[PDB]
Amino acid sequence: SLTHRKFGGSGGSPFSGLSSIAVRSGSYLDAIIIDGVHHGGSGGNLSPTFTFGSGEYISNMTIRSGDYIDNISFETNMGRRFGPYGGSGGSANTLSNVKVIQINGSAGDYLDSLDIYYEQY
């Protein structure tokens, strides 16, 4: 049962545990890199690193996928954009008016799957 709980007081600027995103891709996704940590294989080319600013988060995400992840692009609430990186294969699925909280998944030599935790607004 997916939930969240707050602890602590009212001070501070807010932050996410999810700080940055990169991928290795060719015609597939070989890897996703999250806060610098590699998940996947060695194939494809390494994209530049997207680092979220304070209060920035993924609000819109397009992922083409089949048995693997074929492509990823997203947009933030601040208008910045990442991708698309990958091939034209797979089915396109979209997330819109969301807030991505976390990005988990399953990887071998290629990025097989992503489990995207998010708030739907």
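Think of the rigid core as the biggest set of C-alphas that the two forms share within 1.5 Å after superposition. Note that residue numbering follows the sequence shown and begins at 1.
Relative to the displayed structure, the C-alphas of 8 to 16 lie farther away on average in 5 other deposited structures of this protein than those of the other candidate, with 8 to 16 and 93 to 101 compared after rigid core superposition.
Comparing the deposited coordinates for 86 to 94 and 70 to 78, the stretch with the larger average C-alpha B-factor is 86 to 94. In this entry, 5 to 13 shows the higher mean Cα temperature factor of the pair 96 to 104 and 5 to 13. When the modelled residues of the chain are ordered by C-alpha B-factor, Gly55 sits in the middle third. Per-chain ranking of the deposited C-alpha B factor places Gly40 in the middle third. The PDB entry assigns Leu29 a C-alpha temperature factor belonging to the highest third of its chain's modelled residues.
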